[PDB]
Asks: 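The structure that follows is given in the form of structure tokens.
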Amino acid sequence: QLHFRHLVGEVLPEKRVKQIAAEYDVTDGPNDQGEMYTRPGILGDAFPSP
Amino acid sequence: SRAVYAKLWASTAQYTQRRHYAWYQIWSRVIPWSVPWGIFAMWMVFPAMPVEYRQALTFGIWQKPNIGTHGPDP
Ligand SMILES: CCCCCCCCCCCCCCCCCC(=O)OC[C@H](COP(=O)([O-])OCC(O)COP(=O)([O-])OC[C@@H](COC(=O)CCCCCCCCCCCCCCCCC)OC(=O)CCCCCCCCCCCCCCCCC)OC(=O)CCCCCCCCCCCCCCCCC
Ligand SMILES: CCCCCCCCCCCCCCCCCC(=O)OC[C@H](COP(=O)([O-])OCC[N+](C)(C)C)OC(=O)CCCCCCCCCCCCCCCCC
């Protein structure tokens, strides 16, 4: 239920939260070929799961 | 006498003018109610306006509440 959006201003500064989110690979797609891919996380994404 | 009957007949010739006077009186009694309701309109619609307009319309008295969050980032 948690997204990085939740940490900025309430706990941490925005810049640091963006840098935290960048540490993870998050899956996204489909692309033009209908395949899925991975990208660096962004402020709008939910926490990852193991 | 014709003269007196004419005066009595004519006494009410100006009905419409008296009715306009009545309009004036009742509206004068009524119209101040616009101030309470105007204040409440503005009360409700103030937080919808831009922050700059809130600051301006209160001659700079109003400012963003300070609740201890969302401070500057060095
Ligand atoms: C003290 C001793 C004790 C005495 C005891 C006596 C007994 C009485 C008590 C008195 C004691 C104090 C008590 C406390 C009371 C106050 C607290 C209170 O009430 O809070 C409430 C409180 C509300 O809190 P809130 O809403 O969060 O408050 C946020 C603020 O309002 C913040 O909101 P905001 O900032 O967004 O507000 C906006 C505001 C912002 O306000 C301001 O910033 C105004 C600043 C004010 C300054 C003050 C000036 C006066 C002082 C000056 C000093 C003078 C000096 C001289 C004297 C000293 C020296 C001689 O601006 C406006 O309102 C609009 C502006 C004005 C509009 C008019 C238009 C004018 C245009 C101007 C024209 C001029 C040109 C301008 C253009 C520019 C270009 C030129 O209640 C709650 O939180 C809710 C409670 C839950 C209950 C729910 C109710 C029931 C619902 C259920 C219904 C469902 C059931 C069905 C129906 C049932 C029916 C029965
Ligand atoms: C006869 C009058 C009958 C009145 C009945 C009206 C009842 C329903 C009112 C709904 C108002 C909705 C306004 C739409 C805009 C979006 C609101 C909103 O949440 O914005 C975000 C804002 C906060 O913004 P924000 O932080 O989300 O980000 C956007 C920033 N701004 C707003 C600057 C763009 O939330 C609010 O402040 C809540 C809206 C309060 C406005 C209430 C208006 C009440 C209207 C009654 C006045 C009647 C006067 C008499 C008129 C009669 C004339 C004949």
Side-chain angles (χ1 to χ4, degrees):
Chain A
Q1 311 214 24
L2 269 61
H3 312 256
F4 299 103
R5 285 180 296 104
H6 292 155
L7 296 167
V8 311
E10 299 292 337
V11 184
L12 286 173
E14 198 182 3
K15 172 181 170 197
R16 178 56 160 160
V17 177
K18 289 164 179 274
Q19 289 182 347
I20 300 299
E23 293 199 310
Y24 303 114
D25 287 341
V26 179
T27 316
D28 207 354
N31 69 27
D32 301 356
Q33 300 161 356
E35 305 315 327
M36 307 301 281
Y37 58 82
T38 49
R39 56 160 178 78
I42 60 169
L43 184 65
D45 320 320
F47 285 8
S49 296
Chain B
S1 175
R2 289 172 64 192
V4 187
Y5 283 133
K7 185 75 171 179
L8 301 180
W9 303 337
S11 294
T12 58
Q14 290 168 48
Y15 169 95
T16 311
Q17 322 308 330
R18 186 61 185 80
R19 262 275 159 174
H20 289 301
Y21 192 39
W23 294 7
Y24 159 68
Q25 288 190 3
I26 277 62
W27 269 111
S28 75
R29 297 209 291 267
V30 165
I31 194 150
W33 280 109
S34 51
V35 179
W37 260 286
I39 303 151
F40 205 108
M42 255 306 298
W43 204 357
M44 272 291 292
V45 305
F46 182 88
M49 312 188 307
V51 185
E52 296 74 336
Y53 285 180
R54 290 176 241 170
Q55 285 163 317
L57 183 139
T58 62
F59 310 107
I61 295 175
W62 185 97
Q63 308 273 309
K64 286 193 180 183
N66 189 353
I67 57 163
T69 64
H70 301 102
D73 173 22

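Naming convention: chains lettered A, B, ... in sequence-line order (proteins, then strands); numbering from 1 in each chain. Values below: all heavy atoms of this structure, side chains included; hydrogens, waters and symmetry mates excluded. For ligands, and for the atoms within them, numbers begin at 1 and follow the listed sequence.
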Asks: List ligand 2 atoms under 4.0 Å from B:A41, heavy atoms only on the residue side.
Replies: 49 (C)
Asks: Does the protein place a non-hydrogen atom closer than 4.0 angstrom to atom 20 (O) of ligand 1?
Replies: no
Asks: Kindly indicate whether atom 95 (C) of ligand 1 is approached by any protein heavy atom to under 4.0 angstrom.
Replies: no
Asks: Note the single closest protein heavy atom to atom 47 (C) of ligand 2, along with its residue, its atom name and the distance in Å.
Replies: B:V45 CG1, 4.0 Å
Asks: Kindly state if atom 3 (C) of ligand 2 has a protein heavy atom within a strict 4.0 Å cut-off, that is, under 4.0 Å?
Replies: no
Asks: Do any non-hydrogen protein atoms sit less than 4.0 Å from atom 30 (C) of ligand 2?
Replies: no
Asks: Hey, which atoms in ligand 1 end up nearer than 4.0 Å to a heavy atom of B:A56?
Replies: 78 (C)
Asks: Check whether any protein heavy atom sits under 4.0 Å from atom 18 (C) of ligand 2.
Replies: no
Asks: Is the closest protein non-hydrogen atom to atom 78 (C) of ligand 1 under 4.0 Å?
Replies: yes
Asks: Which of the numbered atoms in ligand 1 are under 4.0 angstrom from any heavy atom belonging to B:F59?
Replies: 74 (C), 75 (C), 76 (C), 80 (C)
Asks: Which residue holds the protein heavy atom closest to atom 40 (C) of ligand 2, what is that atom called, and what is the gap in Å?
Replies: B:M44 O, 3.8 Å
Asks: Looking at atom 74 (C) of ligand 1, would you say a protein heavy atom lies below 4.0 Å from it?
Replies: yes
Asks: In terms of residue, atom name and distance, what is the protein heavy atom nearest to atom 39 (C) of ligand 2?
Replies: B:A48 CB, 4.6 Å
Asks: Hey, is CD on A:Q33 packed in by over 12 heavy atoms from elsewhere, all under 6.0 Å?
Replies: no
Asks: Could you check atom 46 (C) of ligand 1 against the protein and tell me its nearest heavy-atom contact, residue, atom and distance included?
Replies: B:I61 CG2, 4.5 Å
Asks: Should you measure from each heavy atom of B:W43, which atoms of ligand 1 turn up under 4.0 Å away?
Replies: 63 (O)
Asks: Numbering the atoms of ligand 1 from 1, which are under 4.0 Å from a heavy atom of B:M42?
Replies: 67 (C), 68 (C), 69 (C)
Asks: May I ask you to say whether A:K15 pairs ionically with B:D73, meaning some side-chain N is under 4.0 Å from a carboxylate O?
Replies: no
Asks: What protein heavy atom is closest to atom 22 (C) of ligand 2, reported as residue, atom name and distance in Å?
Replies: B:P47 O, 4.3 Å
